[PDB]
Amino acid sequence: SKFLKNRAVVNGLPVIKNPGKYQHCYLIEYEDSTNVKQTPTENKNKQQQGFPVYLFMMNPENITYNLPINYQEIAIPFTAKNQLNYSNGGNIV
Amino acid sequence: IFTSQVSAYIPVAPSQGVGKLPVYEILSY
């Protein structure tokens, strides 16, 4: 689809360099997202050691992101359209 | 949404002088 793709938007996206090895995703405790492995081997007695909570053996084949935005409907009689009132944004699943 | 509740209603529509006095004393001054 490289003949129909909008070149205007593609050229504005950042270019990413291919890394060295096959990367595996993981789950890490939050506020540990910026630490780097203070020790060679996990010491659970201490905290903020920068070790993943769970290491994926195999990367996911696909990842789905869902975001509903909470708007509210007000049905006023004898109106061609309902009133939509913004309620909130919602969490990404 | 802001909701309003209004409770309203309709009001219904539409002698010369006294007799006797105690005796006085008058003193010119």
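A short reminder: the numbers here are calculations on the coordinates, not readings from a lab. Positions of Cβ are backbone-derived with ideal geometry, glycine not excepted, and every protein chain shown enters the neighbour counts.
The table below lists the values:
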quantity: Total residues in the stretch A:1-26, condition exposed (fewer than 10 other Cβ atoms within 10 Å of the Cβ) and under 21 Å from A:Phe56 (Cα atoms); calculated: 6
quantity: Selected residue (criterion: surrounded by the most Cβ atoms within 10 Å (Cβ to Cβ)) from residues of chain B that are within 14 Å of chain A (Cβ to nearest Cβ) and of a type outside the set (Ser, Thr, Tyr); calculated: B:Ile1
quantity: Pairs, first assigned to a loop (DSSP other than H, G, I, E, B) in the stretch A:40-64, second aromatic (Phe, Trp, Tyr), C-beta under 8 Å, six or more apart; calculated: A:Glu42/A:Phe51; A:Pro52/A:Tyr26; A:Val53/A:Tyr26; A:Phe56/A:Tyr26
quantity: Complete set of residues in the stretch A:27-39 that are under 21 Å from A:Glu61 (Cα atoms) and in a loop (DSSP other than H, G, I, E, B); calculated: A:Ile28
quantity: Count - residues of the stretch A:47-93 that are small (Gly, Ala, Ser) and closer than 30 Å to A:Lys37 by Cβ; calculated: 1
quantity: Residue, farthest from the other protein chains (Cβ to nearest Cβ), within the stretch A:77-93, restricted to residues that are in a loop (DSSP other than H, G, I, E, B) and not aliphatic (A, V, I, L, M); calculated: A:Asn91
quantity: In the stretch A:65-76, the residues that are outside any strand (DSSP E or B), within 14 Å of chain B (Cβ to nearest Cβ) and either touching a strand residue (DSSP E or B) at 6+ places or on another chain (Cβ under 7 Å) or surrounded by 10 or more Cβ atoms within 10 Å (Cβ to Cβ) (or both); calculated: A:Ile76
quantity: Test: A:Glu31 is on the phi > 0 side of the Ramachandran plot, out of contact with any helix residue (DSSP H, G or I) (no Cβ under 6 Å at 6 or more places or on another chain) and not basic (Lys, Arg); calculated: yes
